[PDB]
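When a ligand or atom number is given, it counts from 1 through the structure's own listing order. Residue numbers run from 1 in the order of the sequence given.
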Amino acid sequence: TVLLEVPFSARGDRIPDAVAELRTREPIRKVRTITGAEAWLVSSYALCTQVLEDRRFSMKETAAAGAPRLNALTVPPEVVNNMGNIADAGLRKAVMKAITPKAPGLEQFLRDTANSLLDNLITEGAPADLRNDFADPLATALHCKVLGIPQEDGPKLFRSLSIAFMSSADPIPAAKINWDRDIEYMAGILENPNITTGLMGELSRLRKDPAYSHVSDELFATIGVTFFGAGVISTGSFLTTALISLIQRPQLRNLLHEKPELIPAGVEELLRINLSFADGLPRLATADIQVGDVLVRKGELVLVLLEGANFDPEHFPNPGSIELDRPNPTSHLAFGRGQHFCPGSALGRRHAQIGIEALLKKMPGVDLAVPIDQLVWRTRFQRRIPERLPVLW
Ligand code: HEM
Ligand SMILES: O=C1N[C@@H](Cc2ccc(O)c(Br)c2)C(=O)N[C@H]1Cc1ccc(O)cc1
């Protein structure tokens with residue numbers, strides 16, 4: 001037999017039994033990735049947290065030439081260090097402030113957009129596709145608003161994402177074509193006097209402030225492309241797979257419909273059980289480090305399996321059940337942990353909370369319109385998502 005291959009399954013509606021078996025028997029284990037490289041797969045909560053909290057397991061160094069790779073880069077190697085570059089430029093605080101869900105009227109815009117999308121699906125009649133005609137457009141509209149760019153430019157930027165977030169064994173020619181085009185777009189945005197709000201409006205002002213005169217135009221444009229792409233793919237894919245988990249739990253769907261004040265706690269549990277990340281989070285050891293029973297050596301690749309941690313019964317008893325009264329509800333790893341913890345975590349929560357609130361009000365009887373096994377799971381991608389999510393109500 002050949003060495004165990006990752007990823008185990010592209011399905012986002014069920015966790016393979018192999019995960020709990022590995023976690024119990026071999027919570028750090030050698031595997032082979034799609035590139036042919038070997039890596040250490042970490043699958044318990046305790047070891048996942050250890051890796052993510054030790055900066056000697058480096059994100060930036062995953063991009064080094066000659067390193068064992070989870071997958072091929074779809075961005076320039078410097079962009080793997082995006083958050084470090086933002087910090088070095090003195091821009092971290094300003095970026096964080098621009099992506100909070102607390103801007104005036106942002107939540108009202110999200111509710112208005114979600115309700116408009118749902119009204120259009122109702123008018124058209126069932127079946128409706130909740131990914132392509134709800135979750136993704138809501139994510140795209142949110143990110144255009146947060147960035148300050150025209151809503152009408154969302155669709156073209158969005159069309160780059162089915163390639164940009166591929167998890168490929170080899171470089172992707174289309175990823176470069178789309179990247180260069182999207183960078184050119186954001187560079188034009190920085191020069192566009194109509195763009196005065198949101199993240200791009202703020203970056204456009206900082207760009208002309210003397211305290212930032214030597215920050216490169218490349219970085220300013222890159223911030224726009226990366227925050228659009230990462231935010232849209234992550235929120236769209238999370239909401240889509242959360243809606244599946246909700247539809248498959250009619251008792252919970254009815255509880256949240258009747259008591260919407262529980263939606264935040266329900267979204268936190270949906271984050272915990274979410275299988276949206278298709279691969280473990282990659283890190284390269286910069287030193288020899290003991291992790292459980294394995295001495296990881298300098299230069300080796302480690303993969304932090306989020307669902308390994310989030311379904312670990314030693315941390316979350318009865319892990320496959322959504323329970324709204326856990327004592328450790330936000331201690332999941334859905335947004336990562338440590339140096340690279342997701343900077344858009346609050347916006348991602350609010351996107352999902354508002355999307356679910358609106359859906360349950362407009363379509364309280366929402367149900368799958370096809371048997372669940374008929375969903376088509378995207379392969380070789382950095383997220384797990386169904387190509388279409390057909391529902392009736
Ligand atoms: C539910 C939605 C979201 C989920 C589940 C999610 C998940 C994650 C995870 C797990 C990481 C850690 C990656 C790693 O450590 O290797 C991360 C990082 C990141 N996320 Fe999110 N995310 C979401 C929403 C967003 C949003 C809305 C934005 C921006 C608008 C965003 C931007 C980023 C960026 C830029 C990073 C990289 C941070 C860094 O390298 O230090 N995410 N996200
Ligand atoms: O900001 C970043 N940090 C790192 C780490 C990272 C990688 C994949 C993700 O899913 C997440 Br989330 C984080 C990076 O390599 N790239 C960007 C995200 C990004 C944006 C647009 C793209 O086309 C491709 C990647």
Side-chain angles (χ1 to χ4, degrees), residues 48 51-53 55 57-60 62-63 70-87 92 95-96 98-101 135 139-140 142-147 157-158 160-167 172 174-176 178-180 182-183 186 198-199 219 222-242 267-268 270-272 274-284 302-307 309-310 332-353 355 381-384:
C48 285
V51 172
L52 291 176
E53 290 181 346
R55 282 193 74 182
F57 295 108
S58 166
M59 167 183 293
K60 160 176 64 160
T62 65
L70 170 60
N71 56 32
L73 286 173
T74 64
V75 297
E78 60 263 31
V79 179
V80 173
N81 192 42
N82 198 37
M83 281 305 316
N85 300 329
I86 290 165
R92 183 193 186 84
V95 168
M96 292 298 284
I99 63 173
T100 62
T140 297
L142 174 58
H143 286 77
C144 293
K145 181 63 72 169
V146 167
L147 260 67
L157 291 168
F158 176 82
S160 297
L161 301 183
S162 70
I163 290 170
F165 286 87
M166 281 178 171
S167 189
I172 310 172
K176 173 163 167 64
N178 285 335
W179 179 264
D180 289 348
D182 294 346
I183 291 285
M186 291 297 173
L199 175 62
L219 180 58
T222 297
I223 295 166
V225 178
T226 58
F227 275 68
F228 182 93
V232 171
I233 204 73
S234 298
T235 57
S237 308
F238 168 64
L239 176 59
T240 295
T241 51
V267 164
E268 213 62 35
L270 291 158
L271 282 162
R272 184 182 61 80
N274 108 83
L275 301 178
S276 77
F277 274 67
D279 304 298
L281 303 183
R283 299 294 191 263
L284 208 79
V302 179
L303 304 173
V304 179
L305 190 75
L306 298 180
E307 67 263 47
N310 287 340
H332 60 76
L333 307 190
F335 293 119
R337 176 69 71 81
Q339 179 73 10
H340 296 284
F341 181 85
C342 180
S345 72
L347 190 65
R349 285 183 172 104
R350 278 309 273 147
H351 172 263
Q353 292 167 7
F381 198 69
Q382 291 174 42
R383 298 293 181 283
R384 297 186 182 108

- Look at ligand 2 and say whether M83 reaches it with a heavy atom at a distance under 4.0 Å. no
Among non-hydrogen protein atoms, atom 5 (C) of ligand 2 lies closest to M59 SD, 3.6 Å
Is the shortest heavy-atom distance from the side chain of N82 to the side chain of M59 under 4.5 Å?
no
Is there at least one protein heavy-atom neighbour under 4.0 Å from atom 14 (C) of ligand 2? yes
- Item | Polar contact flag for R383 and ligand 2 (N/O pairs, less than 3.5 Å) | yes
Practice task
State, with a plain yes or no, whether a side-chain heavy atom of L347 is found less than 4.5 Å away from one of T235.
Solution key: no
Side-chain contact, heavy-atom cut-off 4.5 Å: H332 with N274? no
If you scan protein heavy atoms around atom 7 (C) of ligand 2, the nearest is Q382 OE1, 4.9 Å
> Do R383 and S234 have side chains that get closer than 4.5 Å, going by heavy atoms?
Replying inline: yes
Would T74 and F165 count as a side chain to side chain contact (heavy atoms under 4.5 Å, CB included) if you check the C-alpha gap in whole Å, the side-chain angles of each, and the deciding distance to 0.1 Å? CA-CA 7 Å; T74 64; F165 286 87; over 6 Å; no
**Report entry** Side-chain donor/acceptor of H143 to backbone N/O of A139, under 3.5 Å
**Finding:** yes
Quick one: does any side-chain atom of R384 pair with a main-chain N or O of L275 as donor and acceptor, under 3.5 Å? yes
Exercise for the section: Given side chain to side chain contact (heavy atoms under 4.5 Å, CB included), test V304 with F277 step by step and report yes or no. Expected result: CA-CA 11 Å; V304 179; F277 274 67; over 6 Å; no
protein heavy-atom neighbour closest to atom 18 (C) of ligand 2 works out as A230 CB, 4.2 Å
Scanning both residues in full, the closest heavy-atom pair of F228 with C144 reads CE1-SG, 4.2 Å
### Query
What do you think, any protein heavy atom under 4.0 angstrom from atom 11 (C) of ligand 2?
no
*asked:* Quick check on atom 22 (C) of ligand 2 - does any protein heavy atom sit closer than 4.0 Å to it?
replied: yes
Sorted by chain and residue number, the residues with a non-hydrogen atom under 4.0 Å of ligand 1 are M59, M83, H143, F227, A230, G231, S234, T235, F238, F277, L281, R283, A334, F335, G336, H340, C342, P343, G344
Minimal heavy-atom distance between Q353 and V267, with the atoms involved, is CG-CG2, 3.7 Å
_If we only consider heavy atoms of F228, is any one of them less than 4.0 Å away from an atom in ligand 2?_
no
Compute the minimum heavy-atom distance from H340 to ligand 2 and say whether it is under 4.0 Å. no
Looking only at heavy atoms, the pair that brings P343 and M96 closest together is CB-SD, 3.4 Å
Quick one: does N85's side chain have a donor or acceptor within less than 3.5 Å of a partner on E78's backbone? yes
A student checking ligand 2 against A164 at a 4.0 Å heavy-atom cut-off should list atoms 23 (O)
(Q) Geometry only, no angles: is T226 polar-contacting ligand 2 at N/O separations under 3.5 Å? (A) no
the protein heavy atom lying closest to atom 24 (C) of ligand 2 turns out to be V75 CG1, 3.5 Å
Note to self: Can you see whether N178 engages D182 through a side-chain donor-acceptor pair at a distance of less than 3.5 angstrom?
What the structure shows: no
For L270 and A242 the tightest heavy-atom approach is CD2-O, 3.8 Å
If you compare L161, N82, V79, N85 by their heavy atoms, the one closest to atom 16 (N) of ligand 2 turns out to be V79
Note: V80, heavy atoms under 4.0 Å from ligand 2, region reported as both
For atom 19 (C) of ligand 2, the closest protein heavy atom turns out to be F165 CZ, 3.9 Å
